[PDB]
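Peer 1: Okay, handing you the structure first.
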Amino acid sequence: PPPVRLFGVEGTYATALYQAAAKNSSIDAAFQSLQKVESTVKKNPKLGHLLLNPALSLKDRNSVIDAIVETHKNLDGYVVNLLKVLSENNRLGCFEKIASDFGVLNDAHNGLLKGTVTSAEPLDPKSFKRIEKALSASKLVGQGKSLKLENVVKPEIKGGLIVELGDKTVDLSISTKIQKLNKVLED
Amino acid sequence: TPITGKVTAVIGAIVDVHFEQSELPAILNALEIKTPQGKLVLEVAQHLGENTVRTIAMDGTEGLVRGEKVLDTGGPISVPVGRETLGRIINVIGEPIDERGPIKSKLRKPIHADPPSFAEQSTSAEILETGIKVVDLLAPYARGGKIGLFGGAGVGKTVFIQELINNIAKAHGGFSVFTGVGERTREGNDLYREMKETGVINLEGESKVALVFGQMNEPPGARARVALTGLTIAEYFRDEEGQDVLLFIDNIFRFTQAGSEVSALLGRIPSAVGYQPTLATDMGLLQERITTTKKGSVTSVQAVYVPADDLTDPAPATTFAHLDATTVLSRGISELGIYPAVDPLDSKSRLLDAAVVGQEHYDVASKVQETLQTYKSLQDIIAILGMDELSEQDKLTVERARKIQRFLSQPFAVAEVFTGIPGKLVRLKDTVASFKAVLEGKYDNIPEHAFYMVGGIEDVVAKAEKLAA
Amino acid sequence: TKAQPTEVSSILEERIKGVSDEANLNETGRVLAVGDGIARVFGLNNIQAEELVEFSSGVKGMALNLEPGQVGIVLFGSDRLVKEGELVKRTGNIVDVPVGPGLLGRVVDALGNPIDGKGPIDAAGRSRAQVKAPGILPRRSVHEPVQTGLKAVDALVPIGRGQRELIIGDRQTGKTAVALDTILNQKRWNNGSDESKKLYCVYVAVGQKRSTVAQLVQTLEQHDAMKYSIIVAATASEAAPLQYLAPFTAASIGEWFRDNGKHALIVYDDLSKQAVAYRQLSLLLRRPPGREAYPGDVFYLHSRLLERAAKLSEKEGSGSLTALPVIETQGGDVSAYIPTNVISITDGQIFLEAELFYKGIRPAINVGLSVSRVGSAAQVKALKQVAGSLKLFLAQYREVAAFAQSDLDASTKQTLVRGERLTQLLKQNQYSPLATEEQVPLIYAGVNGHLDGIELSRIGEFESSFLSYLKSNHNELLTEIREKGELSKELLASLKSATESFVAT
């Protein structure tokens with residue numbers, strides 16, 4: 001089956017969408033149209049966030065679909081069939097969830113790593129770049145996979161720094177060293 | 001009106017329809033799905049949303065093509081009642097299945113109805129006697145009452161009820177209803193035949209009886225609303241005709257049992273054992289629509305096929321709640337060979353009292369109970385060490401109790417076929433005298449076997465002469 | 001959130017890819033997830049409820065759960081054969097089995113495949129497995145004779161045609177033999193030209209060793225009786241869904257005979273094994289366990305099966321089809337859900353005691369726990385007259401022996417002497433079926449107390465000698481009981497005289 005297996009629950013829709021549009025080789029188109037409908041979701045916040053709530057009928061749900069495709073005709077065509085599916089399956093809470101899942105799955109198919117460098121402080125751009133350079137230099141990036149790297153500030157990380165990407169982390173923390181100290185100086 | 005639906009699912013005879021139109025039949029409405037083989041009457045029981053109801057199907061589902069057009073016939077199924085229902089044997093739908101042709105229906109009445117109010121109650125106390133000695137002594141009935149019978153059904157259980165029909169209903173002037181849920185077809189054919197023969201039903205001329213028959217072949221859902229159907233006919237007599245009625249139900253365990261099956265299918269998680277969670281409410285509603293009201297007091301006879309004689313199964317237990325008299329019938333006592341096979345420490349009526357039926361009756365019964373309770377108490381002791389090796393005073397009691405047990409054995413009229421023994425119905429006044437004497441050991445100078453399967457005290461004496469030969 | 005069958009990724013992919021699969025899902029399906037001997041199929045939208053479907057594995061199934069978007073077929077077949085995404089084609093018909101006349105002397109399985117392999121089955125039609133019981137109105141009272149050749153079961157249990165009568169008892173007492181003896185006894189009835197004197201007896205073998213049944217078949221052909229009897233088979237080997245459908249199908253075959261008005265009989269051995277089968281099926285269908293783990297619709301199953309056996313009305317040609325369902329009592333404890341349910345359905349039960357069986361009566365008919373709710377008349381008037389009071393006598397022997405374990409009154413002792421002596425007379429060894437004519441004098445002897453002239457040791461001698469004596473002395477009396485079927489006062493006196501005559505010698 002098409003690259004990158006996602007075991008998403010209601011993400012099975014995204015997986016399906018991916019393989020279906022991969023086999024029709026209209027995945028870039030899909031991604032772009034998905035961005036556009038996702039944008040029109042964000043740009044429809046009243047009753048497009050506040051009526052993603054399940055209270056819609058079949059008939060009323062269908063008419064929400066019809067209003068959305070009146071707003072734009074930039075649709076994959078397979079995602080118009082997917083829109084039909086989501087209306088019929090009354091999948092609406094995991095609607096942006098499916099969008100996110102297809103986006104991740106798609107841009108994984110395209111290749112693009114994600115990453116974050118959670119820290120106790122917002123690091124320099126020089127730091128971002130130096131670390132990004134370092135990460136690309138390290139055999140972790142083997143090419144065919146790009147990178148996103150967001151340093152985030154989290155008070156929770158006490159001590160060190162933590163680099164995260166590719167399910168590979170280096171987690172420097174004070175806490176572990178404190179732990180060893182505490183245990184042995186109480187025993 | 002034409003309110004379409006499709007049959008989305010057919011999970012058993014608990015079909016789910018999807019009424020395409022948002023006009024959704026209400027709960028307890030009735031629907032007709034047209035079929036080449038008649039039609040099916042279904043009853044809305046849940047709305048499951050998205051205009052998809054889940055409907056009980058009162059007929060045996062088969063052949064159904066997934067997505068079958070529906071039409072809404074609305075409301076609770078309205079049976080047809082009348083004097084032209086007298087004589088008739090009616091289907092759950094109400095269709096005369098004895099083919100005395102269509103009922104000329106005056107009133108067609110909804111299956112569901114509500115039990116009369118607390119203030120509307122008219123609480124009776126009028127003694128009804130059968131002529132069955134064990135019944136009279138231990139648990140005398142009352143006309144308009146709620147009578148109850150328990151134990152294995154058709155273990156002569158059906159016969160016992162038949163004897164009651166033979167006695168009580170050939171002494172009842174008003175209307176009488178026999179409703180047999182899960183009835184044995186051959187027995188039903190016999191009963192119908194007998195009724196026609198004894199003029200109780202007379203094909204030409206009036207019938208003071210009406211009949212509802214529900215075979216156990218018929219799917220559970222049909223059996224569930226056999227009871228309600230009969231109960232409606234009873235209301236027509238009780239209310240509209242006004243007249244006091246007899247009623248027989250055989251067996252209402254089948255009603256409970258059916259309910260537990262459908263409950264699971266409905267989606268209701270099954271309560272203890274497996275019973276429907278709504279067991280108490282349904283039984284309650286039903287048995288309070290047989291209640292004693294200013295408009296009529298309906299004598300009911302309720303027959304419970306206690307499953308494996310588990311009275312502790314909640315449905316028999318909850319039957320006791322809706323009864324004023326019980327006559328639990330014991331398989332053991334049947335094994336002891338006693339017909340009537342009535343458990344003698346498990347029969348009760350509130351009519352048994354020292355002023356309701358008088359002190360003398362009460363004292364006699366008290367002594368019988370105590371004597372028998374002693375005898376049962378010493379059953380271990382007797383067996384490990386003979387009654388000879390037990391106290392002399394007690395030995396008289398034990399010998400007496402053996403006689404009393406046998407005295408309680410009395411042949412019965414329509415038991416005469418099975419037993420081969422001509423029946424006996426002995427007057428209540430006679431019974432008190434007879435048992436009193438036996439307790440005073442007046443006639444305890446003659447064989448224990450003399451007391452067995454005979455009526456009055458005089459009969460015992462005569463049978464002593466017979467035994468002597 | 002929720003799981004829907006359309007969420008299956010290949011199905012889901014078709015919907016995304018445009019929509020559906022071109023109306024192929026209305027009359028063919030393609031199998032989805034499968035296992036537990038049930039399959040969930042996508043399509044078959046025109047499926048009739050309880051249709052027979054044929055899978056391309058050859059396995060055929062009965063649609064059970066019609067659900068939105070999916071159907072849950074039950075596989076009448078083994079799992080290995082079936083495979084996912086297989087194409088299921090509608091048979092288009094509700095489950096029916098071939099029925100007709102040419103099943104007499106045939107062993108078939110539950111699908112009607114001749115497992116005797118005596119060629120294809122000569123069957124007039126096929127008829128739906130489930131068919132509604134005849135109501136009150138098409139019912140008619142029984143009066144025809146069924147003579148089992150076992151005196152106890154033919155003088156304490158009166159059996160007639162079109163009835164529903166339980167045969168209950170203990171495991172592997174060779175439970176079958178009582179029924180086999182009935183089939184043998186009505187050999188000469190079935191040699192009778194009148195077909196209202198012919199029975200067509202169906203032996204439904206459920207849950208029995210395929211070997212054991214084959215020995216039975218050979219036994220039947222040795223006892224030359226196979227040709228008037230049908231065997232339906234659902235052996236231990238045979239799959240649990242096949243076992244479930246086995247009694248129902250067998251009753252359809254019987255009903256063709258029944259619905260000719262012609263008299264038949266059907267023995268369903270053993271429904272207790274059907275209970276276990278339905279339990280298995282139900283549990284594998286994840287239906288909540290009923291009491292004793294036996295499903296809640298077990299009552300419904302048994303009642304639907306049993307109530308299709310009947311003595312139809314004069315209009316319907318008096319369609320007899322006697323039912324004898326054979327229940328293997330759990331430890332001989334009749335209190336037990338499956339036995340009690342059957343007891344309430346049936347009229348009469350024939351409980352057998354292990355103690356008596358062990359104590360050298362094969363068969364050993366316990367009469368404390370054998371009842372027959374067939375009541376008076378359903379067997380020969382002669383055998384109603386002579387049989388008079390014997391039920392009482394052996395429940396006086398029962399009463400006597402209740403208190404036998406101190407001092408004895410002369411009345412009890414006399415009864416004990418009768419009872420013991422009667423008990424010897426009752427005893428019968430397997431494959432000794434006794435003629436109706438022969439049964440009348442023996443019962444006459446004991447009832448009229450002429451069996452006190454014989455001591456317990458010599459009861460057996462008396463019996464054989466008495467029968468030989470009667471024939472030699474005057475077979476005229478027996479010929480009278482053969483044709484008249486009644487004892488005239490003269491015949492009765494002649495018999496009294498004859499019994500006294502033999503008793504003396």
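As shown in the structure tokens, the chain order sets the letters A, B, ...; within each chain, residues go from 1, and ligands are also counted from 1 in the order they appear.
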Using only C-alpha atoms, which protein or nucleic acid residues come within 9 Å of segment 135-138 of chain B? Drop anything in the same chain fewer than 6 positions from it, and give the result as a count of residues only.
Peer 2: 19
Peer 1: Dump as CSV the rows for residues of chain C within 7 Å of chain A: closest atom pair and distance in Å with one decimal, only C-alpha atoms counted, ordered by chain and rising residue number.
Peer 2:
```
residue,atom,partner,partner_atom,distance
C:9,CA,A:16,CA,5.5
C:12,CA,A:16,CA,6.4
C:13,CA,A:16,CA,5.4
C:15,CA,A:81,CA,6.7
C:16,CA,A:81,CA,5.1
C:17,CA,A:78,CA,5.9
C:18,CA,A:81,CA,6.0
```
Peer 1: Could those residues be written to a file, using C-alpha atoms, as a PDB file, in the first residue's frame?
Peer 2:
```pdb
ATOM      1  CA  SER C   9     -10.104   1.125   3.872  1.00  0.00           C
ATOM      2  CA  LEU C  12     -13.618   3.570   1.885  1.00  0.00           C
ATOM      3  CA  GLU C  13     -11.277   3.888  -1.065  1.00  0.00           C
ATOM      4  CA  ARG C  15     -16.255   5.724  -2.152  1.00  0.00           C
ATOM      5  CA  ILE C  16     -13.441   8.281  -2.362  1.00  0.00           C
ATOM      6  CA  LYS C  17     -12.505   7.083  -5.877  1.00  0.00           C
ATOM      7  CA  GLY C  18     -15.800   8.315  -7.235  1.00  0.00           C
TER       8      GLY C  18
END
```
Peer 1: When you look at segment 117-126 of chain A with a cut-off of 8 Å (counting only C-alpha atoms), what residues show up, excluding the ones that are within fewer than 6 positions of it in the same chain? I need them as JSON, numbers by chain.
Peer 2: {"A": [149, 150, 151, 152, 153, 154, 155, 156, 157, 158, 159, 160, 161, 162, 163, 164]}
Peer 1: What lies within 10 Å of segment 151-159 of chain B using only C-alpha atoms, ignoring chain neighbours under 6 positions off, as number ranges by chain?
Peer 2: B: 165, 180, 183-184, 187, 250-251, 253, 303-311, 316, 327-331, 334, 339-343, 412, 414-415, 418; C: 335, 340-341, 343-349, 371-373
Peer 1: Just the selected residues (C-alpha atoms), exported as an mmCIF file, in the first residue's frame, please.
Peer 2:
```cif
data_model
loop_
_atom_site.group_PDB
_atom_site.id
_atom_site.type_symbol
_atom_site.label_atom_id
_atom_site.label_comp_id
_atom_site.auth_asym_id
_atom_site.auth_seq_id
_atom_site.Cartn_x
_atom_site.Cartn_y
_atom_site.Cartn_z
ATOM 1 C CA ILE B 165 -62.313 -23.328 34.517
ATOM 2 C CA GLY B 180 -52.981 -18.636 26.878
ATOM 3 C CA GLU B 183 -50.262 -22.490 24.689
ATOM 4 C CA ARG B 184 -49.832 -26.065 23.588
ATOM 5 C CA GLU B 187 -54.439 -28.628 24.460
ATOM 6 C CA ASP B 250 -51.160 -19.294 30.903
ATOM 7 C CA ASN B 251 -48.245 -18.573 31.254
ATOM 8 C CA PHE B 253 -43.517 -16.480 32.472
ATOM 9 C CA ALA B 303 -50.023 -19.035 35.841
ATOM 10 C CA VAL B 304 -46.291 -18.807 36.041
ATOM 11 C CA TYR B 305 -44.067 -21.400 34.455
ATOM 12 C CA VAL B 306 -41.413 -21.009 37.114
ATOM 13 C CA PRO B 307 -38.213 -21.971 35.296
ATOM 14 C CA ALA B 308 -36.615 -24.959 37.018
ATOM 15 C CA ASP B 309 -38.732 -23.854 39.999
ATOM 16 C CA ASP B 310 -36.434 -20.900 40.572
ATOM 17 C CA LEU B 311 -38.812 -18.626 42.427
ATOM 18 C CA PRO B 316 -41.677 -15.137 39.848
ATOM 19 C CA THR B 327 -50.951 -21.231 45.203
ATOM 20 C CA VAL B 328 -47.375 -22.236 44.497
ATOM 21 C CA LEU B 329 -47.521 -25.799 43.201
ATOM 22 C CA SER B 330 -44.644 -28.070 44.099
ATOM 23 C CA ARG B 331 -43.023 -30.675 41.900
ATOM 24 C CA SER B 334 -46.338 -33.940 42.709
ATOM 25 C CA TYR B 339 -53.038 -34.142 43.058
ATOM 26 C CA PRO B 340 -53.570 -31.343 43.872
ATOM 27 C CA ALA B 341 -49.781 -30.942 43.752
ATOM 28 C CA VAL B 342 -50.030 -27.694 45.730
ATOM 29 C CA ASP B 343 -47.157 -26.892 48.118
ATOM 30 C CA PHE B 412 -60.873 -33.711 40.307
ATOM 31 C CA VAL B 414 -61.389 -33.001 34.409
ATOM 32 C CA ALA B 415 -58.490 -34.736 36.048
ATOM 33 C CA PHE B 418 -56.003 -38.454 33.214
ATOM 34 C CA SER C 335 -34.482 -29.638 37.186
ATOM 35 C CA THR C 340 -37.708 -28.213 32.131
ATOM 36 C CA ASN C 341 -38.308 -26.149 29.007
ATOM 37 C CA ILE C 343 -41.178 -30.784 29.730
ATOM 38 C CA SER C 344 -43.461 -27.774 29.640
ATOM 39 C CA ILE C 345 -43.708 -27.967 25.853
ATOM 40 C CA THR C 346 -44.312 -31.704 25.633
ATOM 41 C CA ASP C 347 -47.285 -33.759 26.687
ATOM 42 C CA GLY C 348 -45.880 -36.640 28.723
ATOM 43 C CA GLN C 349 -42.246 -37.475 29.444
ATOM 44 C CA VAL C 371 -46.036 -39.430 32.813
ATOM 45 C CA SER C 372 -48.075 -39.324 29.674
ATOM 46 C CA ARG C 373 -50.350 -36.358 29.213
#
```
Peer 1: Report as a tab-separated table: every residue of chain A with an atom at most 12 Å from chain B, its closest pair of atoms, and their distance in Å to one decimal, counting only C-alpha atoms, with rows sorted by chain and ascending residue number.
Peer 2:
```
residue	atom	partner	partner_atom	distance
A:54	CA	B:50	CA	11.3
A:55	CA	B:50	CA	9.8
A:56	CA	B:50	CA	9.3
A:57	CA	B:50	CA	6.5
A:58	CA	B:50	CA	7.2
A:59	CA	B:50	CA	9.8
A:60	CA	B:50	CA	11.0
A:61	CA	B:50	CA	11.2
A:88	CA	B:50	CA	11.1
A:89	CA	B:50	CA	11.7
A:90	CA	B:50	CA	10.5
```
Peer 1: The selected residues should be written to file as a PDB file, in the first residue's frame (atoms: N, CA and C atoms).
Peer 2:
```
ATOM      1  N   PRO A  54     -22.277  18.272  16.319  1.00  0.00           N
ATOM      2  CA  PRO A  54     -23.131  17.274  15.712  1.00  0.00           C
ATOM      3  C   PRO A  54     -24.542  17.521  16.153  1.00  0.00           C
ATOM      4  N   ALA A  55     -25.353  17.997  15.206  1.00  0.00           N
ATOM      5  CA  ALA A  55     -26.701  18.405  15.442  1.00  0.00           C
ATOM      6  C   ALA A  55     -27.301  18.520  14.074  1.00  0.00           C
ATOM      7  N   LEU A  56     -26.453  18.407  13.018  1.00  0.00           N
ATOM      8  CA  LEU A  56     -26.831  18.521  11.634  1.00  0.00           C
ATOM      9  C   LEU A  56     -27.495  17.239  11.259  1.00  0.00           C
ATOM     10  N   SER A  57     -28.354  17.294  10.220  1.00  0.00           N
ATOM     11  CA  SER A  57     -29.201  16.202   9.844  1.00  0.00           C
ATOM     12  C   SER A  57     -28.361  15.494   8.816  1.00  0.00           C
ATOM     13  N   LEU A  58     -28.959  14.606   8.007  1.00  0.00           N
ATOM     14  CA  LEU A  58     -28.332  14.195   6.782  1.00  0.00           C
ATOM     15  C   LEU A  58     -28.532  15.287   5.799  1.00  0.00           C
ATOM     16  N   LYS A  59     -29.767  15.821   5.739  1.00  0.00           N
ATOM     17  CA  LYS A  59     -30.150  16.732   4.706  1.00  0.00           C
ATOM     18  C   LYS A  59     -29.492  18.047   4.987  1.00  0.00           C
ATOM     19  N   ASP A  60     -29.469  18.455   6.276  1.00  0.00           N
ATOM     20  CA  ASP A  60     -28.848  19.688   6.678  1.00  0.00           C
ATOM     21  C   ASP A  60     -27.358  19.602   6.574  1.00  0.00           C
ATOM     22  N   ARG A  61     -26.759  18.429   6.884  1.00  0.00           N
ATOM     23  CA  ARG A  61     -25.335  18.239   6.730  1.00  0.00           C
ATOM     24  C   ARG A  61     -24.876  18.394   5.307  1.00  0.00           C
ATOM     25  N   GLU A  88     -21.968  11.772   5.004  1.00  0.00           N
ATOM     26  CA  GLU A  88     -22.745  10.583   5.217  1.00  0.00           C
ATOM     27  C   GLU A  88     -22.359   9.851   6.458  1.00  0.00           C
ATOM     28  N   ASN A  89     -21.057   9.818   6.777  1.00  0.00           N
ATOM     29  CA  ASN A  89     -20.552   9.170   7.957  1.00  0.00           C
ATOM     30  C   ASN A  89     -20.657  10.098   9.124  1.00  0.00           C
ATOM     31  N   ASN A  90     -21.025  11.373   8.860  1.00  0.00           N
ATOM     32  CA  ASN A  90     -21.315  12.409   9.818  1.00  0.00           C
ATOM     33  C   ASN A  90     -20.082  12.621  10.658  1.00  0.00           C
TER      34      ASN A  90
END
```
Peer 1: Leaving out residue 285 of chain C and any residue of its chain fewer than 6 positions from it, which residues lie within 10 Å of it when counting only C-alpha atoms, given as a ChimeraX atom specification?
Peer 2: /C:36-38,64-65,72,74,279
Peer 1: Write out as a Markdown table a residue-level contact list of chain C versus chain B with cut-off 7 Å: for each qualifying residue the closest pair of atoms and the distance in Å to one decimal, counting only C-alpha atoms, rows sorted by chain and residue number upward.
Peer 2:
```
| residue | atom | partner | partner_atom | distance |
| --- | --- | --- | --- | --- |
| C:45 | CA | B:66 | CA | 5.8 |
| C:46 | CA | B:65 | CA | 5.4 |
| C:47 | CA | B:65 | CA | 5.5 |
| C:48 | CA | B:63 | CA | 4.3 |
| C:49 | CA | B:63 | CA | 4.2 |
| C:50 | CA | B:62 | CA | 6.0 |
| C:65 | CA | B:11 | CA | 5.2 |
| C:66 | CA | B:10 | CA | 5.0 |
| C:67 | CA | B:9 | CA | 4.5 |
| C:68 | CA | B:8 | CA | 5.2 |
| C:94 | CA | B:63 | CA | 6.8 |
| C:133 | CA | B:217 | CA | 6.4 |
| C:135 | CA | B:185 | CA | 6.4 |
| C:136 | CA | B:189 | CA | 4.9 |
| C:137 | CA | B:98 | CA | 5.6 |
| C:139 | CA | B:189 | CA | 6.2 |
| C:140 | CA | B:189 | CA | 6.8 |
| C:141 | CA | B:186 | CA | 6.9 |
| C:290 | CA | B:274 | CA | 6.3 |
| C:291 | CA | B:273 | CA | 6.4 |
| C:296 | CA | B:261 | CA | 5.9 |
| C:297 | CA | B:261 | CA | 6.6 |
| C:300 | CA | B:217 | CA | 6.9 |
| C:303 | CA | B:217 | CA | 5.5 |
| C:304 | CA | B:217 | CA | 4.5 |
| C:307 | CA | B:217 | CA | 6.4 |
| C:335 | CA | B:308 | CA | 5.1 |
| C:336 | CA | B:308 | CA | 5.9 |
| C:337 | CA | B:308 | CA | 5.9 |
| C:340 | CA | B:308 | CA | 6.0 |
| C:344 | CA | B:153 | CA | 5.5 |
| C:345 | CA | B:184 | CA | 6.8 |
| C:375 | CA | B:418 | CA | 4.8 |
| C:376 | CA | B:417 | CA | 6.0 |
```
Peer 1: With a distance cut-off of 9 Å and only C-alpha atoms, select the neighbouring residues of residue 29 of chain C, excluding the residue or stretch itself and same-chain residues fewer than 3 positions from it, and output the selection as an NGL selection string.
Peer 2: :C and (24-26 or 41-45 or 85-90)
Peer 1: Would you return as a list in words the members of segment 339-394 of chain B that DSSP assigns to alpha helix (DSSP H) on this structure's backbone?
Peer 2: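 Residues of segment 339-394 of chain B classed as alpha helix (DSSP H): residues 359, 360, 361, 362, 363, 364, 365, 366, 367, 368, 369, 370, 371, 372, 373, 374, 375, 376, 377, 379, 380, 381, 382, 383, 384, 392, 393 and 394 of chain B.
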Peer 1: Which neighbours of residue 230 of chain C fall inside 12 Å, counting only C-alpha atoms, when residues of the same chain fewer than 2 positions from it are skipped, and could you give them as a ChimeraX atom specification?
Peer 2: /C:99-109,112,114,116,121,183,199-205,217,220-221,225-228,232-233,250-251,253-254,257,264-267
Peer 1: As a list in words, please: every residue in chain A that DSSP puts in strand (DSSP E).
Peer 2: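 Answer for chain A restricted to strand (DSSP E) is residues 116, 117, 118, 119, 150, 151, 152, 153, 162, 163, 164, 165, 168, 169, 170 and 171 of chain A.
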Peer 1: Those same residues - C-alpha atoms - I'd like them written as an mmCIF file, in the first residue's frame.
Peer 2:
```cif
data_model
loop_
_atom_site.group_PDB
_atom_site.id
_atom_site.type_symbol
_atom_site.label_atom_id
_atom_site.label_comp_id
_atom_site.auth_asym_id
_atom_site.auth_seq_id
_atom_site.Cartn_x
_atom_site.Cartn_y
_atom_site.Cartn_z
ATOM 1 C CA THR A 116 11.127 20.997 17.786
ATOM 2 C CA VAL A 117 13.796 22.054 20.223
ATOM 3 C CA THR A 118 11.827 22.492 23.407
ATOM 4 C CA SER A 119 13.890 24.575 25.768
ATOM 5 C CA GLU A 150 10.633 25.149 16.215
ATOM 6 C CA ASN A 151 12.337 25.959 19.465
ATOM 7 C CA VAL A 152 9.623 26.279 22.046
ATOM 8 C CA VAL A 153 9.731 27.644 25.534
ATOM 9 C CA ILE A 162 15.996 18.980 24.485
ATOM 10 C CA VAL A 163 16.264 18.371 20.797
ATOM 11 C CA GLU A 164 13.497 16.309 19.263
ATOM 12 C CA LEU A 165 12.981 15.081 15.715
ATOM 13 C CA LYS A 168 15.021 10.773 18.355
ATOM 14 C CA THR A 169 15.634 13.112 21.135
ATOM 15 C CA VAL A 170 18.484 14.168 23.273
ATOM 16 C CA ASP A 171 16.951 15.312 26.499
#
```
Peer 1: Report the distance between atom CA of residue 60 of chain C and atom CA of residue 75 of chain C in Å, rounded to one decimal place.
Peer 2: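 Separation between atom CA of residue 60 of chain C and atom CA of residue 75 of chain C: 6.3 Å.
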Peer 1: Please determine, counting only C-alpha atoms, which residue among B:356, B:315, B:168, B:222 has the shortest atom-to-atom distance to residue 245 of chain B.
Peer 2: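 Closest to residue 245 of chain B of all the choices is B:168.
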Peer 1: Any idea what the distance is between atom CA of residue 114 of chain B and atom CA of residue 289 of chain B?
Peer 2: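 The value is 7.1 Å.
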Peer 1: What is the atom CA of residue 212 of chain B-atom CA of residue 149 of chain B distance in Å, reported with one decimal?
Peer 2: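 Computing it gives 19.5 Å between the two atoms.
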